[PDB]
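Same chain, two versions here, written out as structure tokens and called structure 1 and structure 2.
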Structure 1
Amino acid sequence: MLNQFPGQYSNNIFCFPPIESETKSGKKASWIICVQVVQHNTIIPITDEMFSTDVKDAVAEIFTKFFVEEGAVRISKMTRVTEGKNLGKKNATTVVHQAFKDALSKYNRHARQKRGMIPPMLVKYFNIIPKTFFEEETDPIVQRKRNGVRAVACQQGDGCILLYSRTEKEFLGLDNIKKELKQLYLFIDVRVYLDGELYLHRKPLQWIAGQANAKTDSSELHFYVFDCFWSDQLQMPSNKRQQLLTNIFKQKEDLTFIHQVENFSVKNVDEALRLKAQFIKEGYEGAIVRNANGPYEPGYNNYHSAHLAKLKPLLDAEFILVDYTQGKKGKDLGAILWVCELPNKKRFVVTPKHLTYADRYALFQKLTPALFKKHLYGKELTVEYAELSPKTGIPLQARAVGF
């Protein structure tokens, strides 16, 4: 039945309740996700029988609208679902029920991101440092970049320790860090937020992310705090936030699972790059540079702050193009994707980096499995990536720049 989901039903189109957002300019924004069923280019009504029996040749379409107050309306392309999932079993879904099951998931995840949890700050600049970072009266601060899971810790009026993630999701386990945080908040400032990283030295990102998301309390990770902020003084410049953070750890520097990262003041770009090369040789991901006057700009709407810089080695390699495919939903349906192979014959999907969507559309509509095997099979695709997968050798965070 439709009334079991939040939202109204009008003109054969179900519209979830609009989720209110807050833009950077202080203007209200709205986001609505809708579901409609199309058969022979016609919007047919949604009946209860569609949740247990599939109407043949009928397609359910998921689309969304986003508009700022008094602004234009942005309507995404239709996410066409054409078949249910687990079609052979008891837990099988139909085309309509799977569409509402997927639309409600897009709704619940979207409601969590919008508005005492505050999204952590995010880095905008990659391997470049703006000259404005050194034109300030105070030197910028360079830190070690640990390849772990982002986490923010704060205290509630109840007294419990709240420890959430980058997407504002409360970590279930990690009890060993919650204990030290509870003991820590007995001495230090009551209403301060501790922004840091979940990490264990010499451990891969895949192992760190797994233990951070597991309900099992293995209690292995450490909390490396690199920043702090108060909710009422988000405009506090970075250098003052670093000084106050150091005074916090001068109280109790003997915590087992909570540590403060080391700050390095630099005068020019090489002093940063020399420490970057030093940190890489120590086994770290790279280096983070912080503007001295930069305030704490929370990651609302996945915003990236221009007062931070990330210095990381960008690795490249050549891979053997073997097959091709396409995206599944929305604007990616009909857009070509590359498939490369490894010495062990395992495959992976790569996205072309320097193509318009018209090129990827036209490439997929003009290619056949016979035309591909005649012209492009076996070619070399240079691929940028952050790291190689330590278990399967797959280039991770990979994108194809060309041939």
Structure 2
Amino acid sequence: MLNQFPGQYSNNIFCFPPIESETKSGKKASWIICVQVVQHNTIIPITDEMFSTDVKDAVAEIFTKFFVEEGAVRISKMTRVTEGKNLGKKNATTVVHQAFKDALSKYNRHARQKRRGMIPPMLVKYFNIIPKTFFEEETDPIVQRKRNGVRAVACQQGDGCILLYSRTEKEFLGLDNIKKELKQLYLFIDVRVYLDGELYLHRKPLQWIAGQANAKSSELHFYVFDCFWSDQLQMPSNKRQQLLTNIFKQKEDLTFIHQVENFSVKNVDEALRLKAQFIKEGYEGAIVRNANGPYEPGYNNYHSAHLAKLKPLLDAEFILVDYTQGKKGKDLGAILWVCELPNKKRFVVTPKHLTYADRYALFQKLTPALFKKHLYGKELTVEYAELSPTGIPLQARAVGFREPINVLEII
């Protein structure tokens, strides 16, 4: 299929992307290679069918065009492809398909003769909250599913090696099914691009997925949800996702590598419905990306404020050790609980099922005495997001106690 090759198609002539460079004189140079199909002294339009079956007396011609900054163009002689290769085998190529292969050959080699390490993948700062600025952009944010697998970044070392490394900046062993497909895909795409994704196979626990990724069965898939260039880390998230989609338009025959579906939302409610939907399809949640977010690598565990994860909260039990009130605004005068981690380190937990009138009334009517006799030392189940690395649970809310009490009635 055409458009699997990089470049623009126009007036029946397909041209690969111009490769620009500087010369000794300091002027700008451009070099372009182009493919055309000639039958009966006529350039005919290129069709997807002629990649499977030849057309009678059609000849493919390849030529290059070269010119300095605002100078006259120079053309090469036409190399005529009149015949496919591996002509007897199942490897056989059509004339047209073989010409594009030779064109992409000369193109990739020209790029190599006239032209990179591991970058830590970007990390998500926000958790079940979407900053209002996400919907103040000219473009709507993107929503993606949140797969509970193992994270991996792909790149090509320039010598030709495909690098698959981890969130801990560690190269992966095995995954030959994926590295094989990445080697194929990198012939058709810019070799400097980093592909950022998740190793995963659906309906499988993370212990199994992490088991295959770390160990040295070729059954995992690679779901790419982002890309970036080392020299253009400020490129907006939106533009990075159009480029990523042009990369995957090229190859749709891949079996183990997949682009992650992108969803547009205009408000928080649209986003929370997609998060609901992905949980029922068995995923871990949703990812929200600001449309103008740059690529902020996670150097020294840095989290970007232009992504948000939408996940369900974790469950745990803690010992209630004290109570207090909120400080800021509406939370001022509203009661908060103080649980404690086994390290005697303590944290605030928010009553989830009480109105603000209750939180005000409860903090007014409670005494150190009545809390020592009825609440101290009780076990309290706490929905929380993450543990601050401090170990403190973040965004902690009290679901309820084991032994059920009504705190409104305590005397």
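Think of the rigid core as the biggest set of C-alphas that the two forms share within 1.5 Å after superposition. When a residue number appears, read it as a position in the sequence of structure 1, where counting begins at 1.
Looking at CA displacements between the two structures with the core superposed, a shift of 2 Å or more is confined, among 285, 332, 180, 297, to 332. Core-superposed comparison between the two structures: CA of residue 130 displaced by less than 2 Å. With a cut-off of 2 Å and the rigid core superposed, residue 210 has a Cα displacement that falls short of the cut-off between the two structures.
Positional change of residue 237 between the two structures stays under 2 Å at the C-alpha, relative to the superposed core. In the core-aligned comparison between the two structures, the Cα atom of residue 382 sits 2.1 Å away from its counterpart.
Its Cα shifted by 0.0 Å, residue 152 is compared between the two structures on a rigid core fit. Overlaying the rigid core between the two structures leaves the Cα of residue 253 displaced by 1.5 angstrom.
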